[PDB]
$ cat start-v9.pdb   # PDB, C-alpha atoms (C1' of nucleotides) and all ligand atoms
ATOM      1  CA  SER A   6     100.997 151.446 101.023  1.00  0.00           C
ATOM      2  CA  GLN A   7     104.069 149.257 100.371  1.00  0.00           C
ATOM      3  CA  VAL A   8     104.905 147.333  97.195  1.00  0.00           C
ATOM      4  CA  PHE A   9     105.197 143.629  98.040  1.00  0.00           C
ATOM      5  CA  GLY A  10     107.336 140.953  96.487  1.00  0.00           C
ATOM      6  CA  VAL A  11     107.745 137.385  97.698  1.00  0.00           C
ATOM      7  CA  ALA A  12     111.124 136.305  99.111  1.00  0.00           C
ATOM      8  CA  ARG A  13     111.212 132.541  98.440  1.00  0.00           C
ATOM      9  CA  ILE A  14     114.128 131.346 100.587  1.00  0.00           C
ATOM     10  CA  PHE A  15     115.271 127.733 100.072  1.00  0.00           C
ATOM     11  CA  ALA A  16     117.820 126.873 102.783  1.00  0.00           C
ATOM     12  CA  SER A  17     119.368 123.408 102.469  1.00  0.00           C
ATOM     13  CA  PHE A  18     122.454 122.084 104.272  1.00  0.00           C
ATOM     14  CA  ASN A  19     124.715 122.599 101.239  1.00  0.00           C
ATOM     15  CA  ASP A  20     123.633 126.047  99.998  1.00  0.00           C
ATOM     16  CA  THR A  21     121.167 128.897 100.573  1.00  0.00           C
ATOM     17  CA  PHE A  22     118.846 130.360  97.929  1.00  0.00           C
ATOM     18  CA  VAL A  23     117.479 133.881  98.342  1.00  0.00           C
ATOM     19  CA  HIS A  24     114.885 134.233  95.603  1.00  0.00           C
ATOM     20  CA  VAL A  25     112.472 137.176  95.373  1.00  0.00           C
ATOM     21  CA  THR A  26     109.577 136.992  92.908  1.00  0.00           C
ATOM     22  CA  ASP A  27     106.401 138.971  92.331  1.00  0.00           C
ATOM     23  CA  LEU A  28     103.116 138.117  94.008  1.00  0.00           C
ATOM     24  CA  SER A  29     102.351 135.416  91.447  1.00  0.00           C
ATOM     25  CA  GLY A  30     105.857 133.985  91.623  1.00  0.00           C
ATOM     26  CA  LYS A  31     105.981 133.695  87.824  1.00  0.00           C
ATOM     27  CA  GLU A  32     108.273 136.767  87.580  1.00  0.00           C
ATOM     28  CA  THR A  33     111.738 136.620  89.137  1.00  0.00           C
ATOM     29  CA  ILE A  34     113.147 139.871  90.503  1.00  0.00           C
ATOM     30  CA  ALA A  35     116.382 138.768  92.198  1.00  0.00           C
ATOM     31  CA  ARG A  36     118.005 135.390  92.890  1.00  0.00           C
ATOM     32  CA  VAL A  37     121.317 135.426  94.778  1.00  0.00           C
ATOM     33  CA  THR A  38     122.616 132.188  96.284  1.00  0.00           C
ATOM     34  CA  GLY A  39     125.182 131.722  99.005  1.00  0.00           C
ATOM     35  CA  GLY A  40     127.426 130.014  96.479  1.00  0.00           C
ATOM     36  CA  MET A  41     127.831 133.193  94.462  1.00  0.00           C
ATOM     37  CA  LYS A  42     129.410 134.877  97.481  1.00  0.00           C
ATOM     38  CA  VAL A  43     132.032 132.273  98.444  1.00  0.00           C
ATOM     39  CA  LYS A  44     134.557 130.046  96.666  1.00  0.00           C
ATOM     40  CA  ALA A  45     134.528 127.149  99.142  1.00  0.00           C
ATOM     41  CA  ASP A  46     131.886 124.452  98.845  1.00  0.00           C
ATOM     42  CA  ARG A  47     131.927 123.695 102.570  1.00  0.00           C
ATOM     43  CA  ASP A  48     130.430 127.085 103.480  1.00  0.00           C
ATOM     44  CA  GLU A  49     128.005 127.685 100.606  1.00  0.00           C
ATOM     45  CA  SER A  50     125.282 127.303 103.274  1.00  0.00           C
ATOM     46  CA  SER A  51     127.091 129.314 105.941  1.00  0.00           C
ATOM     47  CA  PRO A  52     125.205 132.047 107.817  1.00  0.00           C
ATOM     48  CA  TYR A  53     127.793 134.579 106.645  1.00  0.00           C
ATOM     49  CA  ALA A  54     127.198 133.778 102.984  1.00  0.00           C
ATOM     50  CA  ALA A  55     123.425 133.899 103.432  1.00  0.00           C
ATOM     51  CA  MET A  56     123.645 137.386 104.915  1.00  0.00           C
ATOM     52  CA  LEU A  57     125.736 138.593 101.955  1.00  0.00           C
ATOM     53  CA  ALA A  58     123.325 136.899  99.552  1.00  0.00           C
ATOM     54  CA  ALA A  59     120.353 138.645 101.157  1.00  0.00           C
ATOM     55  CA  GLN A  60     122.036 142.043 100.916  1.00  0.00           C
ATOM     56  CA  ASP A  61     122.538 141.682  97.160  1.00  0.00           C
ATOM     57  CA  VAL A  62     118.879 140.707  96.843  1.00  0.00           C
ATOM     58  CA  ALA A  63     117.769 143.700  98.920  1.00  0.00           C
ATOM     59  CA  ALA A  64     119.934 146.059  96.865  1.00  0.00           C
ATOM     60  CA  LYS A  65     118.452 144.661  93.656  1.00  0.00           C
ATOM     61  CA  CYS A  66     114.945 144.948  95.120  1.00  0.00           C
ATOM     62  CA  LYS A  67     115.358 148.639  95.879  1.00  0.00           C
ATOM     63  CA  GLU A  68     116.297 149.645  92.333  1.00  0.00           C
ATOM     64  CA  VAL A  69     113.262 147.861  90.878  1.00  0.00           C
ATOM     65  CA  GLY A  70     110.820 149.385  93.390  1.00  0.00           C
ATOM     66  CA  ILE A  71     110.221 146.479  95.793  1.00  0.00           C
ATOM     67  CA  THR A  72     109.910 147.980  99.280  1.00  0.00           C
ATOM     68  CA  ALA A  73     108.433 145.027 101.208  1.00  0.00           C
ATOM     69  CA  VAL A  74     108.419 141.244 100.950  1.00  0.00           C
ATOM     70  CA  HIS A  75     106.545 138.253 102.302  1.00  0.00           C
ATOM     71  CA  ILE A  76     108.724 135.400 103.537  1.00  0.00           C
ATOM     72  CA  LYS A  77     108.218 131.779 102.411  1.00  0.00           C
ATOM     73  CA  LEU A  78     111.057 129.800 103.987  1.00  0.00           C
ATOM     74  CA  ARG A  79     111.502 126.166 102.969  1.00  0.00           C
ATOM     75  CA  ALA A  80     113.865 123.287 103.653  1.00  0.00           C
ATOM     76  CA  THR A  81     114.852 120.504 101.264  1.00  0.00           C
ATOM     77  CA  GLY A  82     111.732 118.512 102.095  1.00  0.00           C
ATOM     78  CA  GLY A  83     110.632 115.579  99.965  1.00  0.00           C
ATOM     79  CA  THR A  84     112.089 112.369 101.347  1.00  0.00           C
ATOM     80  CA  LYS A  85     114.991 114.289 102.945  1.00  0.00           C
ATOM     81  CA  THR A  86     115.221 116.465 106.060  1.00  0.00           C
ATOM     82  CA  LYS A  87     112.485 118.969 106.898  1.00  0.00           C
ATOM     83  CA  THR A  88     114.573 121.248 109.008  1.00  0.00           C
ATOM     84  CA  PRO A  89     115.836 124.443 107.321  1.00  0.00           C
ATOM     85  CA  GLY A  90     119.518 124.996 106.731  1.00  0.00           C
ATOM     86  CA  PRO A  91     121.706 127.332 108.760  1.00  0.00           C
ATOM     87  CA  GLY A  92     121.573 130.080 106.132  1.00  0.00           C
ATOM     88  CA  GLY A  93     117.813 130.520 106.271  1.00  0.00           C
ATOM     89  CA  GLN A  94     117.971 132.240 109.643  1.00  0.00           C
ATOM     90  CA  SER A  95     120.664 134.692 108.494  1.00  0.00           C
ATOM     91  CA  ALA A  96     119.042 135.631 105.188  1.00  0.00           C
ATOM     92  CA  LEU A  97     115.832 136.535 107.018  1.00  0.00           C
ATOM     93  CA  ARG A  98     117.575 138.779 109.570  1.00  0.00           C
ATOM     94  CA  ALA A  99     119.717 140.420 106.875  1.00  0.00           C
ATOM     95  CA  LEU A 100     116.652 141.301 104.803  1.00  0.00           C
ATOM     96  CA  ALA A 101     114.928 142.939 107.784  1.00  0.00           C
ATOM     97  CA  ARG A 102     118.082 144.898 108.700  1.00  0.00           C
ATOM     98  CA  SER A 103     118.632 146.170 105.135  1.00  0.00           C
ATOM     99  CA  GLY A 104     115.699 148.612 105.167  1.00  0.00           C
ATOM    100  CA  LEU A 105     113.329 146.212 103.444  1.00  0.00           C
ATOM    101  CA  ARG A 106     109.967 145.763 105.150  1.00  0.00           C
ATOM    102  CA  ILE A 107     108.715 142.315 106.145  1.00  0.00           C
ATOM    103  CA  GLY A 108     105.181 141.034 105.644  1.00  0.00           C
ATOM    104  CA  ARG A 109     103.788 137.561 106.327  1.00  0.00           C
ATOM    105  CA  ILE A 110     106.158 134.703 107.156  1.00  0.00           C
ATOM    106  CA  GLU A 111     105.300 131.062 106.389  1.00  0.00           C
ATOM    107  CA  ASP A 112     107.096 127.723 106.213  1.00  0.00           C
ATOM    108  CA  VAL A 113     106.429 126.011 102.884  1.00  0.00           C
ATOM    109  CA  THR A 114     108.813 123.032 103.148  1.00  0.00           C
ATOM    110  CA  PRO A 115     107.709 120.123 100.890  1.00  0.00           C
ATOM    111  CA  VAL A 116     106.226 117.505 103.311  1.00  0.00           C
ATOM    112  CA  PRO A 117     104.875 114.149 102.069  1.00  0.00           C
ATOM    113  CA  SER A 118     101.375 112.800 102.905  1.00  0.00           C
ATOM    114  CA  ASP A 119     103.162 109.417 102.834  1.00  0.00           C
ATOM    115  CA  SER A 120     106.675 109.151 101.264  1.00  0.00           C
ATOM    116  CA  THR A 121     108.640 107.512  98.435  1.00  0.00           C
ATOM    117  CA  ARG A 122     111.775 105.600  99.510  1.00  0.00           C
ATOM    118  CA  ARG A 123     114.635 107.622 100.975  1.00  0.00           C
ATOM    119  CA  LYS A 124     118.247 107.203  99.901  1.00  0.00           C
ATOM    120  CA  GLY A 125     120.821 105.632 102.229  1.00  0.00           C
ATOM    121  CA  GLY A 126     119.612 102.047 102.414  1.00  0.00           C
ATOM    122  CA  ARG A 127     118.127  99.973 105.178  1.00  0.00           C
ATOM    123  CA  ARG A 128     121.152 100.334 107.439  1.00  0.00           C
ATOM    124  CA  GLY A 129     121.530 104.071 106.925  1.00  0.00           C
ATOM    125  CA  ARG A 130     124.749 105.847 106.069  1.00  0.00           C
ATOM    126  CA  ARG A 131     127.559 104.188 107.982  1.00  0.00           C
ATOM    127  CA  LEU A 132     130.298 106.603 109.043  1.00  0.00           C
TER     128      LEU A 132
ATOM    129  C1'   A B   1      61.716  14.216 122.041  1.00  0.00           C
ATOM    130  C1'   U B   2      61.639  12.896 128.122  1.00  0.00           C
ATOM    131  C1'   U B   3      57.604   8.316 128.909  1.00  0.00           C
ATOM    132  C1'   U B   4      53.888   3.259 126.679  1.00  0.00           C
ATOM    133  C1'   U B   5      50.752   0.291 123.812  1.00  0.00           C
ATOM    134  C1'   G B   6      53.944  -7.874 124.990  1.00  0.00           C
ATOM    135  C1'   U B   7      57.560  -5.589 120.850  1.00  0.00           C
ATOM    136  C1'   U B   8      61.630  -2.487 116.080  1.00  0.00           C
ATOM    137  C1'   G B   9      60.801   0.456 112.217  1.00  0.00           C
ATOM    138  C1'   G B  10      56.256   3.124 114.485  1.00  0.00           C
ATOM    139  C1'   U B  11      52.481   7.270 113.420  1.00  0.00           C
ATOM    140  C1'   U B  12      49.933  11.607 114.353  1.00  0.00           C
ATOM    141  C1'   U B  13      46.637  12.696 117.148  1.00  0.00           C
ATOM    142  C1'   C B  14      47.680  12.733 121.699  1.00  0.00           C
ATOM    143  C1'   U B  15      49.741  14.159 125.979  1.00  0.00           C
ATOM    144  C1'   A B  16      54.108  18.180 128.346  1.00  0.00           C
ATOM    145  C1'   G B  17      58.278  21.707 127.393  1.00  0.00           C
ATOM    146  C1'   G B  18      60.623  25.855 125.866  1.00  0.00           C
ATOM    147  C1'   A B  19      60.315  30.236 121.924  1.00  0.00           C
ATOM    148  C1'   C B  20      57.373  33.806 120.171  1.00  0.00           C
ATOM    149  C1'   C B  21      52.600  36.097 118.918  1.00  0.00           C
ATOM    150  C1'   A B  22      47.858  38.820 120.942  1.00  0.00           C
ATOM    151  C1'   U B  23      44.425  40.441 125.187  1.00  0.00           C
ATOM    152  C1'   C B  24      43.750  41.897 130.073  1.00  0.00           C
ATOM    153  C1'   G B  25      45.580  43.294 134.838  1.00  0.00           C
ATOM    154  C1'   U B  26      49.510  45.004 137.988  1.00  0.00           C
ATOM    155  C1'   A B  27      53.276  49.893 138.495  1.00  0.00           C
ATOM    156  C1'   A B  28      54.536  56.243 141.604  1.00  0.00           C
ATOM    157  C1'   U B  29      55.322  52.346 134.670  1.00  0.00           C
ATOM    158  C1'   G B  30      60.404  54.189 132.382  1.00  0.00           C
ATOM    159  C1'   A B  31      64.701  60.020 130.333  1.00  0.00           C
ATOM    160  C1'   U B  32      70.380  62.129 136.658  1.00  0.00           C
ATOM    161  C1'   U B  33      72.962  67.208 136.851  1.00  0.00           C
ATOM    162  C1'   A B  34      73.645  71.355 133.217  1.00  0.00           C
ATOM    163  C1'   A B  35      80.508  71.745 135.086  1.00  0.00           C
ATOM    164  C1'   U B  36      82.752  79.976 136.401  1.00  0.00           C
ATOM    165  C1'   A B  37      84.007  72.072 130.468  1.00  0.00           C
ATOM    166  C1'   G B  38      82.611  72.618 125.898  1.00  0.00           C
ATOM    167  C1'   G B  39      79.289  73.319 121.085  1.00  0.00           C
ATOM    168  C1'   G B  40      75.146  76.157 118.947  1.00  0.00           C
ATOM    169  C1'   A B  41      71.269  80.086 118.494  1.00  0.00           C
ATOM    170  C1'   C B  42      69.948  85.295 119.621  1.00  0.00           C
ATOM    171  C1'   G B  43      71.193  91.155 121.121  1.00  0.00           C
ATOM    172  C1'   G B  44      73.699  95.598 121.043  1.00  0.00           C
ATOM    173  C1'   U B  45      78.286  96.253 119.976  1.00  0.00           C
ATOM    174  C1'   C B  46      83.903  96.427 119.011  1.00  0.00           C
ATOM    175  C1'   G B  47      88.366  96.166 116.051  1.00  0.00           C
ATOM    176  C1'   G B  48      94.585  99.639 111.571  1.00  0.00           C
ATOM    177  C1'   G B  49      91.096  91.072 111.195  1.00  0.00           C
ATOM    178  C1'   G B  50      90.307  89.393 105.746  1.00  0.00           C
ATOM    179  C1'   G B  51      88.720  89.844 100.412  1.00  0.00           C
ATOM    180  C1'   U B  52      86.712  92.827  96.119  1.00  0.00           C
ATOM    181  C1'   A B  53      85.954  97.411  94.030  1.00  0.00           C
ATOM    182  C1'   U B  54      86.173 102.735  94.949  1.00  0.00           C
ATOM    183  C1'   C B  55      87.869 107.909  96.592  1.00  0.00           C
ATOM    184  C1'   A B  56      91.708 111.219  98.895  1.00  0.00           C
ATOM    185  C1'   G B  57      96.485 113.319  99.996  1.00  0.00           C
ATOM    186  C1'   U B  58     100.923 115.708  99.362  1.00  0.00           C
ATOM    187  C1'   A B  59     105.485 114.043  98.185  1.00  0.00           C
ATOM    188  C1'   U B  60     109.209 111.824  94.394  1.00  0.00           C
ATOM    189  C1'   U B  61     110.724 111.787  89.142  1.00  0.00           C
ATOM    190  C1'   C B  62     109.521 113.371  84.453  1.00  0.00           C
ATOM    191  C1'   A B  63     107.270 116.752  80.837  1.00  0.00           C
ATOM    192  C1'   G B  64     105.089 121.223  79.378  1.00  0.00           C
ATOM    193  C1'   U B  65     104.609 126.659  79.704  1.00  0.00           C
ATOM    194  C1'   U B  66     107.099 130.919  82.251  1.00  0.00           C
ATOM    195  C1'   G B  67     110.607 134.155  84.753  1.00  0.00           C
ATOM    196  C1'   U B  68     115.601 135.783  85.542  1.00  0.00           C
ATOM    197  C1'   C B  69     121.203 134.679  85.521  1.00  0.00           C
ATOM    198  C1'   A B  70     126.319 131.843  87.255  1.00  0.00           C
ATOM    199  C1'   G B  71     126.968 128.719  89.251  1.00  0.00           C
ATOM    200  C1'   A B  72     124.153 124.116  90.857  1.00  0.00           C
ATOM    201  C1'   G B  73     124.913 119.365  93.071  1.00  0.00           C
ATOM    202  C1'   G B  74     127.478 116.524  96.966  1.00  0.00           C
ATOM    203  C1'   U B  75     130.794 115.855 101.405  1.00  0.00           C
ATOM    204  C1'   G B  76     134.176 115.729 107.145  1.00  0.00           C
ATOM    205  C1'   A B  77     136.669 118.095 102.806  1.00  0.00           C
ATOM    206  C1'   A B  78     136.336 117.184  97.739  1.00  0.00           C
ATOM    207  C1'   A B  79     135.643 115.009  93.046  1.00  0.00           C
ATOM    208  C1'   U B  80     132.723 112.220  89.417  1.00  0.00           C
ATOM    209  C1'   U B  81     127.986 115.006  87.463  1.00  0.00           C
TER     210        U B  81
HETATM  211 MG    MG C 201     127.859 122.896  99.035  1.00  0.00          MG
HETATM  212 MG    MG C 202     131.748 130.248  92.874  1.00  0.00          MG
HETATM  213 MG    MG C 203     135.464 127.437  89.664  1.00  0.00          MG
HETATM  214 MG    MG C 204     120.105 107.179  93.334  1.00  0.00          MG
HETATM  215 MG    MG C 205     129.583 105.515 113.959  1.00  0.00          MG
HETATM  216 MG    MG C 206      58.375  -1.549 125.679  1.00  0.00          MG
HETATM  217 MG    MG C 207      77.177  74.638 131.426  1.00  0.00          MG
HETATM  218 MG    MG C 208      76.585  89.042 115.949  1.00  0.00          MG
HETATM  219 MG    MG C 209     101.113 120.963 101.875  1.00  0.00          MG
HETATM  220 MG    MG C 210     133.303 126.608  86.582  1.00  0.00          MG
HETATM  221 MG    MG C 211     126.471 123.359  95.988  1.00  0.00          MG
END
$ encode --input "start-v9.pdb" --output "structure tokens"
Amino acid sequence: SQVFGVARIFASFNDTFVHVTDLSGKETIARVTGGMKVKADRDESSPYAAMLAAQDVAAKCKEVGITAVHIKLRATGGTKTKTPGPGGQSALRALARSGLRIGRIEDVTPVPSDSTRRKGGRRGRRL
RNA sequence: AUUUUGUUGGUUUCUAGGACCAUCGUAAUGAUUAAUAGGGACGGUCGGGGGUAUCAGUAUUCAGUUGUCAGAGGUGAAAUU
């Protein structure tokens, strides 16, 4: 039927990565980040930039032959926050609305079975 | 050592007295509860109680292979990087 890639979307709170690989993930097809679409650091992770980033990925996917993708959304993970950034929701909707077909969707955020120490100190970040 | 042998040392038998030792007989012969105190034993347990080894788990960082290409990071915004 369709030809599947894998859209590995890494959505932090400072930027948004839209990265499409092959099934193995060892071959990169298109990687457009929200920071390549704006010149202000404060909105590298904006929903608007993520939508533009996804459209460039979808356009690149079409000329290589990728007609469908599986979605593996992730947050920063590790010792830091596990909730996805604001751009992850926009990049997913933009991909679906760009004529690309959507397969399986999974959250693959790095979660610890314990945890190393997290930055900020004992008293947290005082603002 | 309490008396007397006419009498003082007497003298050790003697008399009597505790104090014990044995036998026999008397006797209803002789040991308070087990504290909704405690201690101990025992029986099935119950615990992220302790110690010594041992086996996971992803994560973090670093490294090796790869893959593409212009930003990535970070913030309230930036900059150092
Ligand atoms: Mg940023
Ligand atoms: Mg830029
Ligand atoms: Mg610049
Ligand atoms: Mg540090
Ligand atoms: Mg405050
Ligand atoms: Mg006389
Ligand atoms: Mg008792
Ligand atoms: Mg026992
Ligand atoms: Mg996992
Ligand atoms: Mg520059
Ligand atoms: Mg950035």
$ resolve_selection --input "start-v9.pdb" --expression "the PyMOL selection byres ((chain A) within 12 of (chain B))" --output "ChimeraX atom specification"
/A:17-22,24-27,29-49,81-85,114-124,132
$ residues_near_ligand --input "start-v9.pdb" --ligand "ligand MG 205 (chain C)" --cutoff "12 Å" --atoms "all atoms listed in the file" --output "PyMOL selection string"
chain A and resi 128-132
$ resolve_selection --input "start-v9.pdb" --expression "the PyMOL selection byres (((not hetatm)) within 12 of (chain C and resi 206))" --output "ChimeraX atom specification"
/B:3-8
$ write_last_selection --input "start-v9.pdb" --atoms "C-alpha atoms (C1' of nucleotides)" --output "PDB file, keeping the file's coordinate frame"
ATOM      1  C1'   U B   3      57.604   8.316 128.909  1.00  0.00           C
ATOM      2  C1'   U B   4      53.888   3.259 126.679  1.00  0.00           C
ATOM      3  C1'   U B   5      50.752   0.291 123.812  1.00  0.00           C
ATOM      4  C1'   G B   6      53.944  -7.874 124.990  1.00  0.00           C
ATOM      5  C1'   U B   7      57.560  -5.589 120.850  1.00  0.00           C
ATOM      6  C1'   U B   8      61.630  -2.487 116.080  1.00  0.00           C
TER       7        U B   8
END
$ closest_residue --input "start-v9.pdb" --among "A:113, A:76, A:125, A:69" --to "ligand MG 209 (chain C)" --atoms "all atoms listed in the file"
A:113
$ residues_near_ligand --input "start-v9.pdb" --ligand "ligand MG 207 (chain C)" --cutoff "10 Å" --atoms "only C-alpha atoms (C1' of nucleotides) and all ligand atoms" --output "MDAnalysis selection string"
chainID B and resid 34:38
$ resolve_selection --input "start-v9.pdb" --expression "the PyMOL selection byres (((chain B and resi 17) around 12) and not hetatm)" --output "count of residues only"
6
$ residues_around --input "start-v9.pdb" --residues "range 94-111 of chain A" --least-positions-apart "4" --cutoff "9 Å" --atoms "only C-alpha atoms (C1' of nucleotides)" --output "VMD selection string"
chain A and resid 7 9 14 16 21 to 23 51 to 60 62 to 64 66 to 67 71 to 79 89 to 90
$ write_last_selection --input "start-v9.pdb" --atoms "C-alpha atoms" --output "mmCIF file, keeping the file's coordinate frame"
data_model
loop_
_atom_site.group_PDB
_atom_site.id
_atom_site.type_symbol
_atom_site.label_atom_id
_atom_site.label_comp_id
_atom_site.auth_asym_id
_atom_site.auth_seq_id
_atom_site.Cartn_x
_atom_site.Cartn_y
_atom_site.Cartn_z
ATOM 1 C CA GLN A 7 104.069 149.257 100.371
ATOM 2 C CA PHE A 9 105.197 143.629 98.040
ATOM 3 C CA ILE A 14 114.128 131.346 100.587
ATOM 4 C CA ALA A 16 117.820 126.873 102.783
ATOM 5 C CA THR A 21 121.167 128.897 100.573
ATOM 6 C CA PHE A 22 118.846 130.360 97.929
ATOM 7 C CA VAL A 23 117.479 133.881 98.342
ATOM 8 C CA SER A 51 127.091 129.314 105.941
ATOM 9 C CA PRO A 52 125.205 132.047 107.817
ATOM 10 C CA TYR A 53 127.793 134.579 106.645
ATOM 11 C CA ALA A 54 127.198 133.778 102.984
ATOM 12 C CA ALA A 55 123.425 133.899 103.432
ATOM 13 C CA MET A 56 123.645 137.386 104.915
ATOM 14 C CA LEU A 57 125.736 138.593 101.955
ATOM 15 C CA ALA A 58 123.325 136.899 99.552
ATOM 16 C CA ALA A 59 120.353 138.645 101.157
ATOM 17 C CA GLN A 60 122.036 142.043 100.916
ATOM 18 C CA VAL A 62 118.879 140.707 96.843
ATOM 19 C CA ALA A 63 117.769 143.700 98.920
ATOM 20 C CA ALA A 64 119.934 146.059 96.865
ATOM 21 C CA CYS A 66 114.945 144.948 95.120
ATOM 22 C CA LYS A 67 115.358 148.639 95.879
ATOM 23 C CA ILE A 71 110.221 146.479 95.793
ATOM 24 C CA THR A 72 109.910 147.980 99.280
ATOM 25 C CA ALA A 73 108.433 145.027 101.208
ATOM 26 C CA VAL A 74 108.419 141.244 100.950
ATOM 27 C CA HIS A 75 106.545 138.253 102.302
ATOM 28 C CA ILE A 76 108.724 135.400 103.537
ATOM 29 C CA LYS A 77 108.218 131.779 102.411
ATOM 30 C CA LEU A 78 111.057 129.800 103.987
ATOM 31 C CA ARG A 79 111.502 126.166 102.969
ATOM 32 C CA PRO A 89 115.836 124.443 107.321
ATOM 33 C CA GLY A 90 119.518 124.996 106.731
#
$ atom_distance --input "start-v9.pdb" --atom1 "CA of residue 10 in chain A" --atom2 "CA of residue 112 in chain A"
16.4 Å
$ atom_distance --input "start-v9.pdb" --atom1 "CA of residue 12 in chain A" --atom2 "CA of residue 93 in chain A"
11.4 Å
$ axis_aligned_box --input "start-v9.pdb" --around "range 5-10 of chain B" --padding-each-side "5 Å" --output "lines of an AutoDock Vina configuration file"
center_x = 56.2
center_y = -2.4
center_z = 118.6
size_x = 20.9
size_y = 21.0
size_z = 22.8
$ atom_distance --input "start-v9.pdb" --atom1 "CA of residue 126 in chain A" --atom2 "CA of residue 88 in chain A"
20.9 Å
$ residues_near_ligand --input "start-v9.pdb" --ligand "ligand MG 208 (chain C)" --cutoff "9 Å" --atoms "only C-alpha atoms (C1' of nucleotides) and all ligand atoms" --output "count of residues only"
4
$ build_atoms --input "start-v9.pdb" --residues "range 94-113 of chain A" --atoms "N, CA and C atoms" --output "CSV table (one decimal), in the frame of the given file"
chain,number,residue,atom,x,y,z
A,94,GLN,N,118.2,131.3,108.5
A,94,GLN,CA,118.0,132.2,109.6
A,94,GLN,C,118.7,133.6,109.4
A,95,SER,N,119.9,133.5,108.8
A,95,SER,CA,120.7,134.7,108.5
A,95,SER,C,120.1,135.5,107.4
A,96,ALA,N,119.6,134.9,106.3
A,96,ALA,CA,119.0,135.6,105.2
A,96,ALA,C,117.8,136.4,105.6
A,97,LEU,N,117.0,135.8,106.6
A,97,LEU,CA,115.8,136.5,107.0
A,97,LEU,C,116.2,137.8,107.8
A,98,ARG,N,117.2,137.6,108.7
A,98,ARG,CA,117.6,138.8,109.6
A,98,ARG,C,118.2,139.9,108.7
A,99,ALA,N,119.0,139.4,107.7
A,99,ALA,CA,119.7,140.4,106.9
A,99,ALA,C,118.7,141.2,106.1
A,100,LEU,N,117.7,140.6,105.6
A,100,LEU,CA,116.7,141.3,104.8
A,100,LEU,C,115.9,142.3,105.7
A,101,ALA,N,115.6,142.0,106.9
A,101,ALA,CA,114.9,142.9,107.8
A,101,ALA,C,115.8,144.1,108.2
A,102,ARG,N,117.1,143.9,108.3
A,102,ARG,CA,118.1,144.9,108.7
A,102,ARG,C,118.6,145.7,107.5
A,103,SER,N,118.1,145.5,106.3
A,103,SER,CA,118.6,146.2,105.1
A,103,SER,C,117.7,147.3,104.7
A,104,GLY,N,116.7,147.6,105.5
A,104,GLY,CA,115.7,148.6,105.2
A,104,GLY,C,114.5,148.1,104.5
A,105,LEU,N,114.5,146.8,104.0
A,105,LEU,CA,113.3,146.2,103.4
A,105,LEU,C,112.3,145.9,104.5
A,106,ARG,N,111.0,146.0,104.2
A,106,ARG,CA,110.0,145.8,105.2
A,106,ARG,C,109.5,144.3,105.0
A,107,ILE,N,109.1,143.7,106.1
A,107,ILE,CA,108.7,142.3,106.1
A,107,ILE,C,107.2,142.2,106.3
A,108,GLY,N,106.6,141.3,105.5
A,108,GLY,CA,105.2,141.0,105.6
A,108,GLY,C,104.9,139.7,106.4
A,109,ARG,N,104.1,138.9,105.7
A,109,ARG,CA,103.8,137.6,106.3
A,109,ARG,C,105.0,136.6,106.2
A,110,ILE,N,105.1,135.7,107.2
A,110,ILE,CA,106.2,134.7,107.2
A,110,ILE,C,105.5,133.3,107.3
A,111,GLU,N,105.9,132.4,106.4
A,111,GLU,CA,105.3,131.1,106.4
A,111,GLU,C,106.4,130.1,106.1
A,112,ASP,N,106.2,128.8,106.6
A,112,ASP,CA,107.1,127.7,106.2
A,112,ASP,C,106.4,126.9,105.1
A,113,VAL,N,107.0,126.7,104.0
A,113,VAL,CA,106.4,126.0,102.9
A,113,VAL,C,107.2,124.8,102.5
